[PDB]
Amino acid sequence: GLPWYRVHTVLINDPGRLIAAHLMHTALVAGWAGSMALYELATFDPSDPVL
Amino acid sequence: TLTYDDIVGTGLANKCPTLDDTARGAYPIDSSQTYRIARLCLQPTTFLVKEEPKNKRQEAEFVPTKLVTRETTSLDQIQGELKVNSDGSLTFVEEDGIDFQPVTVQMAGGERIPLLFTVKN
Ligand code: CLA
Ligand code: CLA
Ligand code: CLA
Ligand code: CLA
Ligand SMILES: CC1=C(/C=C/C(C)=C/C=C/C(C)=C/C=C/C=C(C)/C=C/C=C(C)/C=C/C2=C(C)CCCC2(C)C)C(C)(C)CCC1
Ligand SMILES: CCCCCCCS[C@@H]1O[C@H](CO)[C@@H](O)[C@H](O)[C@H]1O
């Protein structure tokens, strides 16, 4: 079968599932940005922009 | 000239009475008579809280806040003696009334600041 380092090559001839894999990557990255911001807001002290 | 039912739930019950723009006269003080304030009303429109900055140096400023306890803030039905002093100054000495309200306001960023808004004594 495909070696572990080639599993995503099933997408090369499959534009629809490539687009799906891209959408998922995009979902993960936007989800990261969202989560990262909320974690920063939950920990950020806005009381002193000077020091 | 409104009844309870005209007022109930409008927010008007937390507002002090007002006077028309024409009320720019003069109320005579007869040094011989005794006087009273039969009704004092105080209606806050702004609560400011002094910030506590990290180094004393730079004066700390009073900053605006958000009221979270609704239209429950006014002092009213307050009464007491209005003395005429030797020098013709008047001294109000509060005897009684609804002379305190607990109030919570909120600083930018969410910190809540409860206070007993009062003119007791
Ligand atoms: C847009 C960037 C991109 C894309 C879409 C691809 C896509 C592909 N690569 Mg290429 N590649 C890239 C960048 C990319 N690569 C980079 C930067 C390198 C050097 C690090 C390589 C080095 C490389 C090699 C040496 C090989 C590929 C292969 C492949 C194919 C199969 C991948 C697979 O099944 O992995 C399956 C992978 C796993 C099941 C697990 C990988 C776990 C990684 C190592 C650690 C955890 C990763 C973590 C989640 C990363 C977050 C990402 C972010 C920080 C960047 C596929 C066409 C293979 C190929 O040609 O097949 C014919 C192949 O042999 N790539
Ligand atoms: C952007 C990320 C991404 C996307 C869109 C895909 C998409 C695809 N993968 Mg690849 N893959 C990925 C990352 C991704 N993969 C990573 C990181 C690994 C190493 C674990 C793999 C290993 C892999 C294998 C072994 C296979 C695929 C296959 C496939 C296809 C079918 C779905 C599947 O079986 O997934 C399987 C992969 C996963 C379910 C990823 C596991 C999730 C990891 C462990 C993170 C856990 C998430 C969790 C919510 C957070 C943990 C938080 C922490 C604090 C504990 C599809 C093309 C299959 C296929 O088509 O092969 C021909 C297949 O057999 N993938
Ligand atoms: C006018 C025609 C048109 C338009 C507007 C686009 C636009 C786009 N294409 Mg391309 N593409 C086209 C023609 C078009 N394409 C044609 C004719 C082909 C050959 C079939 C391709 C083949 C192709 C592939 C293979 C891929 C793209 C991808 C992309 C997206 C990359 C950026 C992204 O994901 O941002 C982030 C997304 C957003 C910020 C959201 C945008 C809002 C969306 C568009 C509304 C969705 C509703 C709409 C009705 C669905 C149809 C959309 C479709 C026209 C793109 C972007 C939306 C990539 C992709 O989709 O990655 C996820 C991708 O893998 N295209
Ligand atoms: C320009 C920005 C950029 C680019 C080009 C990519 C490109 C890639 N991403 Mg995405 N990623 C990004 C930004 C980007 N990412 C951001 C901002 C996030 C949010 C953190 C992600 C989150 C993300 C996840 C969760 C996943 C990807 C995956 C992928 C790969 C999918 C294609 C593939 O099969 O490669 C095959 C893999 C490789 C060629 C190896 C890439 C190795 C990287 C460059 C170094 C990894 C370092 C080290 C070995 C891992 C140690 C981590 C450990 C200590 C936890 C590809 C290399 C998927 C992937 O790797 O699937 C296997 C995957 O699961 N990315
Ligand atoms: C479904 C749905 C929804 C929801 C959604 C959600 C809730 C989402 C979330 C999402 C998320 C929440 C996501 C997240 C993501 C994340 C990520 C993607 C991450 C990654 C990471 C990484 C990749 C890392 C790496 C590393 C490490 C770990 C160490 C150091 C080094 C490095 C950096 C490499 C709604 C309701 C809206 C509607 C529609 C439907
Ligand atoms: C999806 C995001 C919705 C969650 C929003 C949380 C309210 S917003 C949140 O409120 C706190 C106190 O008022 C502040 O300290 C903090 O800085 C602010 O980020």
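In the text below, chain A, chain B and the rest are named by the order of the sequence lines, each starting its count at 1.
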Distance-only criterion, 3.5 Å: show the donor-acceptor pairs between side-chain atoms of residues 65-72 of chain B and protein atoms not counting sequence neighbours.
| unit_1 | atom_1 | unit_2 | atom_2 | d |
| --- | --- | --- | --- | --- |
| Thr65(B) | OG1 | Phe47(B) | O | 2.8 |
| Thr69(B) | OG1 | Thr104(B) | N | 3.3 |
| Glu71(B) | OE1 | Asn14(B) | ND2 | 3.3 |
| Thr72(B) | OG1 | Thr69(B) | O | 2.8 |
| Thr72(B) | OG1 | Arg70(B) | O | 3.4 |

Problem - More than 12 heavy atoms of other groups within 6.0 Å of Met24(A) CE - result: no
Problem - Same apolar cluster: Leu11(A) and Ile19(A), side chain cutoff 4.5 Å - result: no
Problem - More than 12 heavy atoms from other groups under 6.0 Å of CG on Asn13(A) - result: no
Practice task
Look up atom OG1 in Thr22(B) and atom CG in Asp20(B), then write down how far apart they are to the nearest 0.5 Å.
Solution key: 5.0 Å
Handout entry: Minimal non-hydrogen separation, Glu81(B) against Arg36(B), with atom names
Key = N-NH1, 3.7 Å
Handout entry: Side-chain (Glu94(B)) to main-chain (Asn121(B)) donor-acceptor, under 3.5 angstrom
Key = yes
Practice task
Flag yes if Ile98(B) and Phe100(B) sit in one hydrophobic cluster, no otherwise; membership is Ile, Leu, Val, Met, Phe, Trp, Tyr, and two members link when side-chain heavy atoms are under 4.5 Å apart.
Solution key: no
Exercise for the section: Give, for atom CG of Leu18(A) and atom CD1 of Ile12(A), the distance between the pair rounded to the nearest 0.5 Å. Expected result: 9.5 Å
Practice task
Answer whether the closest heavy-atom distance between the side chains of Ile113(B) and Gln106(B) falls below 4.5 Å.
Solution key: no
Exercise for the section: Mark yes or no for whether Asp14(A), through its side chain, and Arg17(A), through its backbone, hold a donor-acceptor pair below 3.5 Å. Expected result: yes
Fill in the blank from the handout: On a heavy-atom basis, the closest approach of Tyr35(B) and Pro28(B) is OH-O, 3.6 Å
Exercise for the section: Measure the shortest side-chain to side-chain distance between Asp96(B) and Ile78(B) over non-hydrogen atoms and say whether it is less than 4.5 angstrom. Expected result: no
Exercise for the section: May I ask whether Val119(B) and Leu115(B) are part of the same hydrophobic cluster, defined by side-chain heavy atoms of I, L, V, M, F, W, Y residues being less than 4.5 angstrom apart, directly or through others? Expected result: yes
Practice task
Verify whether one side chain among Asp87(B) and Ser89(B) offers a donor that lies under 3.5 Å from an acceptor in the other.
Solution key: yes
Atom pairs and distances, donor-acceptor, side-chain atoms in residues 40-47 of chain A, under 3.5 Å, two or more places apart:
| unit_1 | atom_1 | unit_2 | atom_2 | d |
| --- | --- | --- | --- | --- |
| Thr43(A) | OG1 | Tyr39(A) | O | 3.1 |
| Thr43(A) | OG1 | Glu40(A) | O | 3.2 |
| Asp45(A) | OD1 | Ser47(A) | N | 3.1 |
| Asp45(A) | OD1 | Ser47(A) | OG | 2.9 |
| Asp45(A) | OD2 | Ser47(A) | OG | 3.4 |

Fill in the blank from the handout: Here the gap from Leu75(B) atom CG to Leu40(B) atom CG, rounded to the nearest 0.5 Å, amounts to 8.0 Å
Handout entry: Closest approach of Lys54(B) to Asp48(A) (non-hydrogen atoms, all atoms of both residues)
Key = NZ-OD2, 2.5 Å
Handout entry: From CA spacing to verdict: side-chain contact (heavy atoms from CB on, under 4.5 Å), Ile37(B), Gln79(B)
Key = CA-CA 5 Å; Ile37(B) 303 201; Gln79(B) 67 188 189; 5.9 Å; no
Practice task
Step by step, work out the side-chain contact (heavy atoms from CB on, under 4.5 Å) result for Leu90(B) and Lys83(B).
Solution key: CA-CA 5 Å; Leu90(B) 315 166; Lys83(B) 285 183 208 166; over 6 Å; no
Handout entry: Cluster overlap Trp4(A) with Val10(A), hydrophobic side-chain contacts below 4.5 Å
Key = no
Handout entry: Validation row: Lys50(B), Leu48(B) side chains within 4.5 angstrom (heavy atoms)
Key = no
Fill in the blank from the handout: Here the pair of heavy atoms bringing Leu42(B) nearest to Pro44(B) is O-CD, 3.7 Å
Exercise for the section: Compare every heavy atom of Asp21(B) with every heavy atom of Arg24(B), then report the nearest pair and how far apart it is. Expected result: NE-O, 2.8 Å
Handout entry: Euclidean distance, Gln77(B) CD relative to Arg39(B) CZ, rounded to 0.5 Å
Key = 6.5 Å
Exercise for the section: Keeping the roles fixed (side chain from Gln43(B), backbone from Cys16(B)), state whether a donor-acceptor pair exists under 3.5 Å. Expected result: yes
Exercise for the section: Check the pair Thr91(B) / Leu82(B) against side-chain contact (heavy atoms from CB on, under 4.5 Å), numbers first and verdict last. Expected result: CA-CA 6 Å; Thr91(B) 300; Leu82(B) 188 65; over 6 Å; no
